[PDB]
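All Cβ positions, even for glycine, are placed from backbone atoms using ideal geometry, and neighbour counts span all protein chains on display. Each reported figure results from applying straightforward, stated rules to the coordinates on display, with no laboratory input.
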Protein chains: 4
Amino acid sequence: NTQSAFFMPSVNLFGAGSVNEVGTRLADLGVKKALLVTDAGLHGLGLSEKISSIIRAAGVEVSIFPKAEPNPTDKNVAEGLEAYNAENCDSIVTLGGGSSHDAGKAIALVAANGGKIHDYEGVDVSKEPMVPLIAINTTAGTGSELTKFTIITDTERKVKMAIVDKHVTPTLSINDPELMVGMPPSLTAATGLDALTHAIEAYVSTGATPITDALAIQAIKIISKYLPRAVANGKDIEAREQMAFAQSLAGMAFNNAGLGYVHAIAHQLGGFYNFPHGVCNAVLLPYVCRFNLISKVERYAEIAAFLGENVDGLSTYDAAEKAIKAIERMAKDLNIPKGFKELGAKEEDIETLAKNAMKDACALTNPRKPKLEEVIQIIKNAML
Amino acid sequence: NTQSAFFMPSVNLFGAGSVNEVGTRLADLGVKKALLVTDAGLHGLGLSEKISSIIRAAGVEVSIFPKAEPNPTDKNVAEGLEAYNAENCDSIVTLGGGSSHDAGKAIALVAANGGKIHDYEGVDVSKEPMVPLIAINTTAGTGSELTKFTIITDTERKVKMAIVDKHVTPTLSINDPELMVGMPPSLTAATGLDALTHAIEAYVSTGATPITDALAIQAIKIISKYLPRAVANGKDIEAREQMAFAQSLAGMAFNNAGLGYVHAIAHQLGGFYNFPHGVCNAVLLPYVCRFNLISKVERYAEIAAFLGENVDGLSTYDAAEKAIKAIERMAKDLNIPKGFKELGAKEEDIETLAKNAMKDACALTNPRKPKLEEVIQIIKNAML
Amino acid sequence: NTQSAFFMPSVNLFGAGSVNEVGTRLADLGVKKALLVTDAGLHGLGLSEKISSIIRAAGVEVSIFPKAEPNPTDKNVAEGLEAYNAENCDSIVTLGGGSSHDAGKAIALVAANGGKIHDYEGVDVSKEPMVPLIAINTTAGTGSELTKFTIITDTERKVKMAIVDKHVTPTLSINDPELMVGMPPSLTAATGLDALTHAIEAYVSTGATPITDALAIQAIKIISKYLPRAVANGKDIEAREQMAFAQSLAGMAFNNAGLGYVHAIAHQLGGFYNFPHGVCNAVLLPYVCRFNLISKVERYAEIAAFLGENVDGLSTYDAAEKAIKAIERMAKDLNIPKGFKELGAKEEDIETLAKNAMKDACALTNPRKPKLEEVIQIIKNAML
Amino acid sequence: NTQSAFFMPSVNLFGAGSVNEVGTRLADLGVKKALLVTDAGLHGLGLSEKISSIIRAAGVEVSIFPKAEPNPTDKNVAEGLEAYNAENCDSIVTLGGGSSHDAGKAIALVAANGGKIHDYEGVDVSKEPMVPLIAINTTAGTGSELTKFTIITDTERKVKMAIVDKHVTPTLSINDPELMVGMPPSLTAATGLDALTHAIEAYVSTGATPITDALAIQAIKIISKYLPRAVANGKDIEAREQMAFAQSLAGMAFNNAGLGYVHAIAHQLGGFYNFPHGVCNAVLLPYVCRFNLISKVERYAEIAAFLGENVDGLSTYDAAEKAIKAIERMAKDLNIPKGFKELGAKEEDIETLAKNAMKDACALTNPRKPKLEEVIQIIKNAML
Ligand SMILES: NC(=O)c1ccc[n+]([C@@H]2O[C@H](COP(=O)([O-])OP(=O)(O)OC[C@H]3O[C@@H](n4cnc5c(N)ncnc54)[C@H](O)[C@@H]3O)[C@@H](O)[C@H]2O)c1
Ligand SMILES: NC(=O)c1ccc[n+]([C@@H]2O[C@H](COP(=O)([O-])OP(=O)(O)OC[C@H]3O[C@@H](n4cnc5c(N)ncnc54)[C@H](O)[C@@H]3O)[C@@H](O)[C@H]2O)c1
Ligand SMILES: NC(=O)c1ccc[n+]([C@@H]2O[C@H](COP(=O)([O-])OP(=O)(O)OC[C@H]3O[C@@H](n4cnc5c(N)ncnc54)[C@H](O)[C@@H]3O)[C@@H](O)[C@H]2O)c1
Ligand SMILES: NC(=O)c1ccc[n+]([C@@H]2O[C@H](COP(=O)([O-])OP(=O)(O)OC[C@H]3O[C@@H](n4cnc5c(N)ncnc54)[C@H](O)[C@@H]3O)[C@@H](O)[C@H]2O)c1
Ligand SMILES: [Mn+2]
Ligand SMILES: [Mn+2]
Ligand SMILES: [Mn+2]
Ligand SMILES: [Mn+2]
């Protein structure tokens, strides 16, 4: 059979200032009091208070829960669920990067299906649709405000538990590039290379569609041109807005086409060592592309053109090669770490990271199907 | 402002056999009785009955309403609404092309808001969302199963009214290429060329964004390869599936970018003479493009590349002209009327047609702003 | 000798909202009362009351003189001059197109040089800096807010006279594209093609310089991309902003390199028939460029490429030919009159018109030097 | 806001012999005793006397202050201010290079505004326009007869302070290539590469406009053809005239677009070690361009073609790198030192150099925003 499906929230706001609608949009759902899920950093910057003011003007109450953590944890879910129940909230607003979107998605699911966030690992292992949720995005790399994914760390197993589930698609998303201006360069760089990774893995996924293809291609072309600008000058407003679009394009593509062994492996490093997700993808992306080359050489040749390379006079193989050269050059230019050893990864952990990566759902749509020793080789190469 | 927004059903099913889900999807919404809106043609072929038994086996009842006409009228909508109440319905399933979809959306909207369908001509007039509706698409050209559009003919004024309303986005859409094999050639061509007009007008709209751009580009490239194949052999399954993707992409593109004076004028020629919608687009498209050229010359030149033209060693202006020639050649190859006069249009109407087009919501995003006299000359050219 | 000079106001303001500075700016110049020289149309639209309040909110007094007529006249100058004294003003603020700039420069010059504006036809014949004057520009074509020219129609010999004096350089110019949005399409086209004429005549003028060359090349390139956009949709702010820049590059270039026989002839048609200055240049431009060709063949070839033409594999001669085809095509697409006879030009005037063109200052820098029979033929070709 | 402004002296004279107008132009101002600010070498040449003879031959009194030193000091400005009051001058005439123009500008401004020159470091500090000033320019590189910059060394801090102030735009400029023929090759090279640094940083500046782009592009093209010629044979009169146009095109460009980190860092190496400003720029230029590359890669690719490189079949990035190789090549050919250590800079000073560089007003328009650590890496690269 050849069926496929496309999912995203039914209303999706973009552009400078769109965050000011969160109040009146929340009232429109007839919710009374929302739990505002965010993280400590943005709470300290005061972003949680600016948004909470907007929501309360519209007559909707806020309880602020700034305890979601980079690489959100099952404990954050349990703790925020308690604060959801304790403060009599009927909705969730998320405010931040993908960590706040996924914390809030877990809380909103479990507040309507009951057990623990581990009940629902895998694919549509759920029952009811999650409680009303508006996702306000502030990094330019995840797309989690658009996706049916929620990535939650299992703290006793050391593994980022991918939860794929139609019930966690947000009600409404908001993508306001004015809230992204204050990303430091290194956060700009890594979330941006997470978007690029989404776009490239979605383009080469076995679950790719002409719709997801259309989005992924646009995302790669934009990122290629505007991500190094946004990193060099976070106050370049044009680059911020373009990255906000690219982020959403890549999120819509991967949500519906699937990822690959870049995310499969990056999820394990993130669980063992709590690395930044986006840095893990940037480090890994060239090695997985290299391994995948022979299964998708024409698509990698086209990525090489998307990334601005000149492929005139070359074989398809040689043009695919230039896509990897260009990814490497972009990583070096954005000051991405050279490998995982210098960050703290452990030689003795490589086989368990490999084995766990082959269990990740993101591995299912990788165009090349590896054996365990090949996955190990990819992690070894990324140690450099 | 520079704000914008992207709208779409939350869930959109694709691929061979995806109609089998309509009963259980309907059931999950908790509705008890659906009014099945289709047209006499599909009803005669018995498609109407296969779908009803699928819905019934899931516990939802069905009342069939096979009285949506090509270019659905206000009278169709009023009759549908009294069927809807008489048969104690709480939901709507539309089955067929864009006449079924729009008829059903209009019934659904009036059921939720009172008044009459005429009251909602314009942009975001209604207070309440339409009642639950699932759209099953049997043509490869409208995208109405995805859009906040519904086109209802005011029969006193002979105007196909454009109702553009967030509140008429279907709950869920189904796009089954197996239901599309039966289109005879001239229907394949007319709806395909409606899709190409969606993609072209979206691409040159002043409401274009990089998201809508991505979708429109892919639609044009796919249509240019596969539409002539679908017209040539309706049982070419790969062309049917590609066109089902192309028409969805173009739907998403125009739904969020806007249309232009092709649709604003076609709606008057359709309101006056009941011509097929995609035949009106096909006749007008080269004239409105030629007229729009100076405002979007670089985008028309790119469009010539997407359609396969060779623009080597040409000015942008000369390249854009090859795009009009390519559109003209495609129309001629699929047997479109070269003009309207041979179809029965009357010179004395032209002033009224032109004045009605300037009130259509699609005029709002056309990239060149015309004086009434310029609209008049465009129609007069389209006569011959 | 090979000396040369570059003149312009010492401060020039650009960008949206820059008009809000005219008041504070004026007061910092230490003046009390400004005679606001505008024309009837912009006074009818309320503009000279937006400006007038701004100048008053900064504690400076305004006396609106809305009597400058298209193709300003020795009478407007005299009547504005006596308005100047009677009302006890010490400064001029021009607001409008070239007509309002030129009226205010004439009033301000003769307000510090006693006599009558006739007393300064020619070159630098004034003997005193003109009264302090701030020029607020609202069309995109004459760059008079930058220049040392004022063109006053001698209602006598019916010839637009030239007072080329360094004393008429405005004190400070303001160039706010928001004020330009109101221009209707045909005013946008004609001021735009006058800007393009400025840029081309400056580029082929025997008075050219590497500096004027740099400005003219940019103006030609910008106008070629954005003037058709500005005509097609006056609400395209980007195209409005680019045209404001092109306007000033062309002004700065021709003000310091000189013009040629396009303006030399067009000044005669404007004195005899009061035709719009911009339209005169538009019709004349391709015929003079044809005549000028053999004196400047490489530079017209370069203009062809600035205007978008592809010139690979062409002789310099053939490339220079495409500059003229492209200028004609652009005149056709902006609905410029095809010749002067349909405007009201009389066969019996061609001799006087040509003899008078030969006495125009602008004739002096034209690269080809015509005998009287040759000017007469140019005027015949532009009658069609 | 998109607001911008273009500043420039109202009258600017060019060409051989133009310096013969200085007296009549100083007379037209109505001033009586001008302080003639020059340096020791031009004084001993006889240029101070020749010019004073012209100023006196038409009724104005001259008093020669020949004490401006390369990299003018706060003490020079103090001493020259005491001379200004001693002889009780009402004006100033600067004669020579940037050292003389900035000495005079600083004197004129403190004369008009009060305290000491250190008060006005930064942007638009002062309250009053400086006293009348005519700049006669004798090097082909500063453009400071045109600009609102004056660069005065704080001798305690060893900081060449950038005073960027509308109020120091000279009343009139004279740019006479006959006074430039005597530049010895090393000085021709250094002033020429300073002007190249002005065009390049103006072109990549975040303050660039279409106007400044026009000027800067022309400068680059002319410098790359004629600067090598002027160095190879200073009696080449054509190269001398071209270089006089390019230095002014570059002055107009950076004056209004802004500079970057080449000048921010150069100002500290000149303040600490009193190196010639142009040699400092030439050393830093490749390092800062390569740092800036990712933020302005399209524009650095254009710069490569402007400098004559062939870029066919190259990515934008590889094209941009060719620009840097061409920049390094020109410096090598004109005998500029490879680094700052052979000149006498010391590693122990680098931390203080970088911190002060970040306080320089020229840093604000650099297209990439550095951390202190990145400014330190640039200075270290430049030591070798
Ligand atoms: N479910 C999905 O669709 C999906 C997809 C990709 C990644 N993820 C998950 O998302 C997480 C990564 O999220 P992320 O990379 O967006 O970052 P994040 O949410 O982990 O945030 C990291 C840091 O960035 C800061 N920050 C965020 N926005 C900021 C702004 N505008 N200005 C200043 N600081 C700001 C936060 O305060 C925080 O300290 C991982 O857990 C990853 O697994 C989910
Ligand atoms: N709301 C929107 O987004 C939107 C967009 C474009 C057009 N429209 C409207 O849609 C209408 C046109 O719809 P359409 O062109 O899809 O056709 P349609 O709904 O008017 O149907 C045309 C004919 O085709 C037949 N048909 C449909 N599917 C068939 C199949 N699979 N096999 C055989 N016969 C089949 C029908 O029985 C009918 O007789 C117009 O009224 C137009 O204005 C709406
Ligand atoms: N440097 C110079 O001195 C110089 C150069 C070229 C031409 N000119 C002279 O300038 C005049 C040409 O002026 P012009 O072509 O700019 O037009 P204009 O000043 O003659 O005005 C033309 C018409 O346009 C209207 N208008 C102007 N700005 C408008 C706006 N923003 N919105 C709506 N309507 C607007 C005016 O009300 C008027 O009715 C002629 O006299 C010509 O000879 C002078
Ligand atoms: N816009 C600005 O304000 C601006 C821009 C760039 C540089 N500057 C400053 O200008 C200064 C550098 O000025 P410069 O490089 O023009 O030189 P300079 O004024 O420092 O003169 C250097 C030496 O060249 C000699 N010289 C000058 N002209 C000569 C000629 N025609 N023939 C023979 N010898 C001649 C002088 O006598 C002097 O000894 C620096 O302090 C720099 O910071 C200012
Ligand atoms: Mn990711
Ligand atoms: Mn349509
Ligand atoms: Mn003109
Ligand atoms: Mn400098």
Study note, to complete from the structure: Reported set for segment D:148-207 where residues are polar (S, T, N, Q) and assigned to a strand (DSSP E or B) is D:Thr150, D:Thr153, D:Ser173, D:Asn175
Review point. Counting only residues that are within 14 Å of chain B (Cβ to nearest Cβ) and outside any helix (DSSP H, G or I), how many does segment C:226-265 have?
Key: 4
Check your understanding: Failed condition for C:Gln268, given (1) within 11 Å of another protein chain (Cβ to nearest Cβ); (2) touching an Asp or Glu at 6+ places or on another chain (Cβ under 9 Å), with all others met?
Key -> (1)
Check your understanding: Looking at segment C:285-300, is at least one residue of a type in the set (A, V, I, L, M, F, W, C), farther than 17 Å from C:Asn366 by Cα and either within 16 Å of ligand 8 (Cβ to nearest atom) or more than 14 Å from chain B (Cβ to nearest Cβ) (or both)?
Key -> no
Review point. So, of the residues in segment D:149-205 that are within 14 Å of chain C (Cβ to nearest Cβ) and among the β-branched types (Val, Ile, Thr), which turns out to be nearest to ligand 2 (Cβ to nearest atom)?
Key: D:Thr169
Study note, to complete from the structure: Residues in segment A:271-290 that are farther than 11 Å from A:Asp194 by Cα and in contact with an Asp or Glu (Cβ under 7 Å, 6 or more places away or on another chain) total 2
**Study point:** Residue list for segment D:276-323, filter: under 11 Å from D:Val204 (Cα atoms) and basic (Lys, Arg)
**Key:** D:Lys296, D:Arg299
Check your understanding: Are any residues in segment D:27-48 farther than 17 Å from D:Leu172 by Cα and without any contact (Cβ under 8 Å) to a residue 12 or more places away in the chain, and if so, which ones?
Key -> D:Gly41, D:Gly44, D:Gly46
Check your understanding: Which pairs do you get when a residue that is farther than 25 Å from C:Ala189 by Cβ, found in segment C:140-159, comes within reach of a residue that is assigned to a loop (DSSP other than H, G, I, E, B) and among the β-branched types (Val, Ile, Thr), reach meaning Cβ atoms under 7 angstrom, with the pair 6+ apart or on two chains?
Key -> C:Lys148/C:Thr169
Exercise for review: For segment D:210-226, indicate whether the set of residues that are farther than 20 Å from C:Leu215 by Cα, within 16 Å of ligand 8 (Cβ to nearest atom) and crowded, with 24+ Cβ neighbours inside 10 Å is non-empty.
Suggested key: no
Practice item. Working carefully through the options B:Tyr273, B:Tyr287, find the one that is of a type in the set (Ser, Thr, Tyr) and farther than 24 Å from C:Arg229 by Cα. Key: B:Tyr273
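When you scan segment D:10-23, do you find a residue that is without any contact (Cβ under 8 Å) to a residue 40 or more places away in the chain and within 14 Å of chain C (Cβ to nearest Cβ), even just one?
So far as segment D:10-23 goes, yes, one or more of its residues are without any contact (Cβ under 8 Å) to a residue 40 or more places away in the chain and within 14 Å of chain C (Cβ to nearest Cβ).
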Revision key, fill the gap. By residue number, the members of segment B:123-150 that are surrounded by fewer than 24 Cβ atoms within 10 Å (Cβ to Cβ) and farther than 24 Å from B:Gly271 by Cβ are B:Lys127, B:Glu128, B:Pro129, B:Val131, B:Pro132
Exercise for review: Look through segment A:146-182, keep the residues that are basic (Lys, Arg) and within 10 Å of ligand 1 (Cβ to nearest atom), and return whichever of them is farthest from A:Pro72 (Cα to Cα).
Suggested key: A:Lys148
Exercise for review: Exactly one condition in (1) under 16 Å from A:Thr191 (Cα atoms); (2) buried (at least 24 other Cβ atoms within 10 Å of the Cβ); (3) away from every other protein chain (no Cβ under 11 Å) is not met by A:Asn274; state its number.
Suggested key: (2)
Exercise for review: Considering each of D:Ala301, D:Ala345, D:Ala305 in turn, give the residue that is out of contact with any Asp or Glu (no Cβ under 8 Å at 6 or more places or on another chain), farther than 30 Å from A:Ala323 by Cβ and surrounded by 15 or more Cβ atoms within 10 Å (Cβ to Cβ).
Suggested key: D:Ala345
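Table: residues versus (1) in a loop (DSSP other than H, G, I, E, B); (2) of a type outside the set (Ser, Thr, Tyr); (3) within 13 Å of ligand 2 (Cβ to nearest atom); (4) over 14 Å from the mean Cα position of the chain (by Cα).
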site	(1), (2), (3), (4)
B:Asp102	no, yes, yes, no
B:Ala106	no, yes, yes, yes
B:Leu109	no, yes, yes, yes
B:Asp119	no, yes, no, yes
B:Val125	yes, yes, no, yes
B:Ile134	no, yes, no, yes
Practice item. Answer yes if at least one residue in segment A:134-150 is among the small types (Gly, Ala, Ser) and over 30 Å from A:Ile54 (Cα atoms), and no otherwise. Key: no
Exercise for review: For segment D:46-92, enumerate the residues that are hydroxyl-bearing (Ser, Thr, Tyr) and over 21 Å from the mean Cα position of the chain (by Cα).
Suggested key: D:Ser48, D:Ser52, D:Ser53, D:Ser63, D:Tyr84, D:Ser91
Exercise for review: State the number of residues belonging to segment D:189-230 that are away from ligand 4 (no atom under 14 Å from the Cβ), β-branched (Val, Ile, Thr) and under 14 Å from D:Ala140 (Cβ atoms).
Suggested key: 2
Exercise for review: Select from segment C:24-42 the residues that are part of a helix (DSSP H, G or I) and surrounded by fewer than 20 Cβ atoms within 10 Å (Cβ to Cβ) and write down the one among them that is farthest from the other protein chains (Cβ to nearest Cβ).
Suggested key: C:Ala40
Practice item. Report whether or not B:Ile223 is farther than 25 Å from B:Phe272 by Cα, under 17 Å from the mean Cα position of the chain (by Cα) and part of a helix (DSSP H, G or I). Key: yes
**Study point:** Identity of the residue in segment D:328-344, under 22 Å from the mean Cα position of the chain (by Cα) and small (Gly, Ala, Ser), that ends up nearest to D:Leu372 (Cα to Cα)
**Key:** D:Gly339
Point to revise | Qualifying positions in segment C:63-77 - assigned to a strand (DSSP E or B) and crowded, with 21+ Cβ neighbours inside 10 Å | key: C:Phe65, C:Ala68, C:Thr73
Practice item. Take segment C:1-18 and flag every residue that is within 20 Å of the chain's Cα centre (by Cα) and among the hydrophobic types (A, V, I, L, M, F, W, C). Key: C:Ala5, C:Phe6, C:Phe7, C:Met8, C:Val11, C:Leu13, C:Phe14
Practice item. Out of C:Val288, C:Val283, report the one residue that is touching a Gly at 6+ places or on another chain (Cβ under 8 Å), away from ligand 3 (no atom under 13 Å from the Cβ) and under 29 Å from C:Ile136 (Cα atoms). Key: C:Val283
Practice item. Determine which member of the set D:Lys338, D:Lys332 is part of a loop (DSSP other than H, G, I, E, B), more than 11 Å from chain A (Cβ to nearest Cβ), surrounded by fewer than 20 Cβ atoms within 10 Å (Cβ to Cβ) and more than 16 Å from ligand 1 (Cβ to nearest atom). Key: D:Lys338
Practice item. Name the one entry in C:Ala345, C:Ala357 that is in a helix (DSSP H, G or I) and either more than 16 Å from ligand 2 (Cβ to nearest atom) or closer than 30 Å to C:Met161 by Cβ (or both). Key: C:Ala357
Check your understanding: Of the residues that make up segment A:291-306, is at least one under 18 Å from A:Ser224 (Cβ atoms), in contact with a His (Cβ under 9 Å, 6 or more places away or on another chain) and assigned to a helix (DSSP H, G or I)?
Key -> no
Practice item. Being buried (at least 19 other Cβ atoms within 10 Å of the Cβ) and more than 30 Å from A:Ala16 (Cα to Cα) narrows it down to one of A:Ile163, A:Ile107, so name that one. Key: A:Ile163
